[PDB]
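Chemist: Next up is a structure, given as structure tokens.
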Amino acid sequence: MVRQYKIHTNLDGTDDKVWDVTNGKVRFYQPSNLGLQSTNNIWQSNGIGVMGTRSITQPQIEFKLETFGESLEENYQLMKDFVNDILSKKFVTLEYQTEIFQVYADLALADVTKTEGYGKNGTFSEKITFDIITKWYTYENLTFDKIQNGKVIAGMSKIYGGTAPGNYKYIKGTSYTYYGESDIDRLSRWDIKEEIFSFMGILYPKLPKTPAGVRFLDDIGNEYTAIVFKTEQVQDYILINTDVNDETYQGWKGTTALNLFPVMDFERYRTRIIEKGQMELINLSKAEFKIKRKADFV
Amino acid sequence: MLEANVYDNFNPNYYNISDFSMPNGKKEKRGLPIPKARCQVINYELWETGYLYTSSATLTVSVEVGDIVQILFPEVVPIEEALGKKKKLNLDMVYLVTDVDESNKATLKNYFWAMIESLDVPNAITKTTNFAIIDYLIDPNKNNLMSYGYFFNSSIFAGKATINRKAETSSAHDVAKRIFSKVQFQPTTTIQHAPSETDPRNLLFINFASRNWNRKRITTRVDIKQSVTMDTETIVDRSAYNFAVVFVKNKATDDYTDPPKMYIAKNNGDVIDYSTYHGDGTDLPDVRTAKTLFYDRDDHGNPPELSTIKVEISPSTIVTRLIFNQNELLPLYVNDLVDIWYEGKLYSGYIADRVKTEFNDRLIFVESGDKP
Amino acid sequence: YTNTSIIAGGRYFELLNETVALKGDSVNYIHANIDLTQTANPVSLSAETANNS
Ligand SMILES: [Ca+2]
């Protein structure tokens, strides 16, 4: 029904800590602006209007930080905790949730205020300003699609049936349609329908010393970028994060974490921006993907 | 902040004298003094070699023009001075104060380039190997600033020295720049206590050594996110008007009465007469840069050689420079041979400089050229 | 170090699948560091710039 705001220390990560700024002890109220400012570069010559390129500018969100605590000790402990937790991580992801959507914004602490105007049992009523890194993006699960063989029908499918030594008839419209393909289980498509900007993939390699990773193809079947690694031993999994702010390319074997950046193929990795098409798995047995895609206004 | 040691000018008119009595009894050169004041360098832009820009930093103590500033880092750099011999050297950034403003912001010039100042070198010295030029340039008997020793990687400066234009007298700055471009190396000045435990002197040396004696080429990628600055440099000086309207003076009139002969440079590098061309324009340049040249007939009377005209219309070394943030996934330090991938294009060269600022850590990449 | 036993200063210790990070295009000097005050874990490994024995 009502909206939900949730501050995350590290989303997409094991060391995550979530603060409910809607229901918890420390709450965010009356956001300054959730919209957007656009600058279209319009120049008019003799009454006729010419439009350039629109630079969609995102403005600082200023909240109304309010703590609810049983004692003065409790609210001072809340301010020291919530702020340090935002300061501890270089950037904090604010989740925007409503009946219809679940968007996210990457924020950086711009300004926080601490004053001595306490209410009852020493309760804070302050202004918390944030700088926009990325405004509104959808964090969703990306999975491959499987292809299944069509059913075999007498007269419709290519088979030599009925009276010996078989018969298939050329009709008009119904004629002969191939049932499927021998070993249809080989075909798998990791479909990309809209342009994505960053992702958190968990890749499980097959063979050691053979380049292992992912490659991306466009609408015409041409490779534009590829994250691939040539390791000496089989890693249990290669944890990759394409996020610009905290780029991670690490391999895991047992309880040991290895940085795989120098072993990576630098020539194939041309871009981070993934375009409309499909994704292929190079020397991978299994893969788990989480795709984050931007939305200007939500 | 960083720690800074402020010393008065390392005057070679004082420190070059070999009157200091060593503990054994021997008479050696005067050692460097103790810092007149220990301060902290703040609001800084500090380069490692000073390849392109001059350093600038505000200092807590009121330093004056001439003073030497030694910026300290709690880390160590291992230089390979011999094939197997690697020595424990402390990280230092040594500069000379060139000017201080009202707000005590000092303009710092890298010690080496401030040492080889006003020094001129004739073509005669440049005829030998690069070792001979380095041994000439680094001398406390000649230089404006005091020098004690030089560390140099023999393999990188083993090659024959670059050929000088017109065989003229060049400045120590121009020759060093020309040499450092071909060898793909940059110098770093370092203050460190004498190697022997008996010798108690603090000394200043120039570094031409690397972490690897036999330097290896690295292959890396530079993303647009690292605030990349692309600009084109020129290593070799060659002329810019690719087309030449050449005039030849008539012997009988002692005048330029005869019409001109036009010469065009092909994409391959060869120079032909424009009239002789029979092609489709694919082998010719995309833009015609032109100049009018006047020549005087030789004593023999023959027209000037095609080759002599060719040198004047010949292309200059178009080189790409990349300044970007330090990647912690694959760190790139100064004096490293690298092959950088940027926006789908491969650029090959070395890391010339490194800026140690309060906000970022950046690198200057210089594409050495020599691609085909 | 899959399985490597080391006796440094007469003190025996085993390295069982202990991985140590390295510096790119550099000669890394792997050191065995013993600090008796660190009663929980006295032995620690470090890849360094030079032989700091
Ligand atoms: Ca993260």
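Chemist: Condition check: surrounded by 12 or more Cβ atoms within 10 Å (Cβ to Cβ) and farther than 10 Å from residue A:282 by Cβ. Does residue A:195 satisfy that?
Modeler: Answer is no for this residue.
Chemist: Of the conditions (1) in contact with a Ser or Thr (Cβ under 9 Å, 6 or more places away or on another chain); (2) without any contact (Cβ under 8 Å) to a residue 24 or more places away in the chain; (3) small (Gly, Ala, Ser), residue A:198 clears all except one; give me its number.
Modeler: It fails just one condition, (2).
Chemist: While we're here: Would a scan of the stretch A:270-280 turn up a residue that is β-branched (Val, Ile, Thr) and either within 16 Å of the ligand (Cβ to nearest atom) or free of Cβ contacts under 8 Å to residues at least 12 places away in the same chain (or both)?
Modeler: No: zero hits.
Chemist: Which of the residues that make up the stretch B:314-332 are in a loop (DSSP other than H, G, I, E, B) and within 14 Å of chain A (Cβ to nearest Cβ)?
Modeler: If the condition is that a residue be in a loop (DSSP other than H, G, I, E, B) and within 14 Å of chain A (Cβ to nearest Cβ), then B:326, B:327, B:328, B:329, B:330, B:331, B:332 are the ones that fit.
Chemist: Further question on the same structure: From the list A:150, A:162, which residue is surrounded by fewer than 16 Cβ atoms within 10 Å (Cβ to Cβ) and free of Cβ contacts under 8 Å to residues at least 12 places away in the same chain?
Modeler: It is A:162.
Chemist: Is at least one residue of the stretch B:107-127 farther than 22 Å from residue B:176 by Cβ and not charged (D, E, K, R)?
Modeler: The answer is no, given that none of the residues of the stretch B:107-127 is farther than 22 Å from residue B:176 by Cβ and not charged (D, E, K, R).
Chemist: Out of (1) assigned to a loop (DSSP other than H, G, I, E, B); (2) of a type outside the set (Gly, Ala, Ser); (3) loosely packed, with under 11 Cβ neighbours inside 10 Å, the odd one out for residue A:141 is which?
Modeler: (1) is the only condition that residue A:141 fails.
Chemist: Is there any pair with a first residue in the stretch A:5-16 that is more than 14 Å from chain B (Cβ to nearest Cβ) and farther than 14 Å from residue A:108 by Cβ and a second that is near the ligand (Cβ under 6 Å from one of its atoms) and assigned to a loop (DSSP other than H, G, I, E, B) whose Cβ atoms are under 7 Å apart and which are 6 or more apart or on different chains, and what are they?
Modeler: Cβ pairs passing all conditions: A:16/A:10.
So that you can scan it fast, the table gives a plain yes or no per residue for (1) farther than 15 Å from residue B:8 by Cα; (2) exposed (fewer than 13 other Cβ atoms within 10 Å of the Cβ); (3) more than 16 Å from the chain's Cα centre (by Cα):
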{"position": "B:50", "(1), (2), (3)": "yes, no, no"}
{"position": "B:55", "(1), (2), (3)": "yes, no, no"}
{"position": "B:62", "(1), (2), (3)": "no, yes, yes"}
{"position": "B:71", "(1), (2), (3)": "no, no, yes"}
{"position": "B:79", "(1), (2), (3)": "yes, no, yes"}
{"position": "B:85", "(1), (2), (3)": "yes, yes, yes"}
{"position": "B:90", "(1), (2), (3)": "yes, no, yes"}
{"position": "B:101", "(1), (2), (3)": "yes, yes, yes"}
{"position": "B:106", "(1), (2), (3)": "no, no, yes"}
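Chemist: Can you find, within the stretch C:5-53, the residue that is nearest to the other protein chains (Cβ to nearest Cβ) among those that are part of a strand (DSSP E or B), among the hydroxyl-bearing types (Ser, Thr, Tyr) and loosely packed, with under 11 Cβ neighbours inside 10 Å?
Modeler: Result: C:5.
Chemist: On the given criteria, is residue A:221 away from every other protein chain (no Cβ under 14 Å) and either within 22 Å of the chain's Cα centre (by Cα) or away from the ligand (no atom under 16 Å from the Cβ) (or both)?
Modeler: For residue A:221, the condition - away from every other protein chain (no Cβ under 14 Å) and either within 22 Å of the chain's Cα centre (by Cα) or away from the ligand (no atom under 16 Å from the Cβ) (or both) - is met.
Chemist: For residue B:210, which of the numbered conditions (1) surrounded by 19 or more Cβ atoms within 10 Å (Cβ to Cβ); (2) hydroxyl-bearing (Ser, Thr, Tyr); (3) within 14 Å of another protein chain (Cβ to nearest Cβ); (4) more than 30 Å from residue B:31 (Cβ to Cβ) fails to hold?
Modeler: (4)
Chemist: Anything in the stretch A:248-298 that is in contact with a strand residue (DSSP E or B) (Cβ under 9 Å, 6 or more places away or on another chain) and of a type in the set (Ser, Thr, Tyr)? List them, or say none.
Modeler: A:248, A:249, A:269, A:271, A:285
Chemist: Just to verify a result, which residue in the stretch B:214-227, among those that are in a loop (DSSP other than H, G, I, E, B) and surrounded by 17 or more Cβ atoms within 10 Å (Cβ to Cβ), is nearest to the other protein chains (Cβ to nearest Cβ)?
Modeler: Out of the qualifying residues, it is B:223.
Chemist: Filter the stretch B:58-77 down to the residues that are aliphatic (A, V, I, L, M), closer than 16 Å to residue B:92 by Cα and away from chain C (no Cβ under 14 Å) and list them by number.
Modeler: B:68, B:69, B:71, B:72
Chemist: I've got another one for you. Could you pull out the residue among A:168, A:178 that is out of contact with any helix residue (DSSP H, G or I) (no Cβ under 6 Å at 6 or more places or on another chain), surrounded by 11 or more Cβ atoms within 10 Å (Cβ to Cβ) and farther than 22 Å from residue A:289 by Cβ?
Modeler: Residue meeting the stated conditions: A:168.
Chemist: Within the stretch B:162-203, restricting attention to residues that are among the acidic types (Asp, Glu) and without any contact (Cβ under 8 Å) to a residue 60 or more places away in the chain, which residue is surrounded by the most Cβ atoms within 10 Å (Cβ to Cβ)?
Modeler: B:174
Chemist: Let me ask something else. From the list A:244, A:214, A:228, pick out the single residue that is surrounded by fewer than 17 Cβ atoms within 10 Å (Cβ to Cβ) and either within 14 Å of chain B (Cβ to nearest Cβ) or away from the ligand (no atom under 16 Å from the Cβ) (or both).
Modeler: Just one listed residue meets the conditions, A:244.
Chemist: Condition check: of a type in the set (A, V, I, L, M, F, W, C), away from every other protein chain (no Cβ under 12 Å) and more than 25 Å from residue A:140 (Cα to Cα). Does residue A:207 satisfy that?
Modeler: Here the answer is yes, as residue A:207 does meet what is asked.
Chemist: Counting just the residues of the stretch A:231-241 that are within 13 Å of the ligand (Cβ to nearest atom) and among the aliphatic types (A, V, I, L, M), which one comes out surrounded by the fewest Cβ atoms within 10 Å (Cβ to Cβ)?
Modeler: Applying the filter and picking the extreme gives A:239.
Chemist: I've got another one for you. Being in contact (Cβ under 8 Å) with a residue 60 or more places away in the chain and of a type in the set (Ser, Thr, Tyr): is that true of residue A:231 here?
Modeler: In short, no.
Chemist: From B:133, B:138, which residue is out of contact with any helix residue (DSSP H, G or I) (no Cβ under 7 Å at 6 or more places or on another chain), in contact (Cβ under 8 Å) with a residue 40 or more places away in the chain and among the β-branched types (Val, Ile, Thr)?
Modeler: B:138
Chemist: Looking at B:353, B:339, which is the one that is within 14 Å of chain A (Cβ to nearest Cβ) and part of a strand (DSSP E or B)?
Modeler: B:339
Chemist: Test of understanding: among B:322, B:363, B:346, B:332, which residue is under 26 Å from residue B:179 (Cα atoms), free of Cβ contacts under 8 Å to residues at least 24 places away in the same chain and under 25 Å from the mean Cα position of the chain (by Cα)?
Modeler: B:346
Laboratory data are not the source of any read-out in this text; all were calculated from the coordinates shown. Here Cβ is always computed from backbone atoms with ideal geometry, including for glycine, and neighbour counts include all displayed protein chains.
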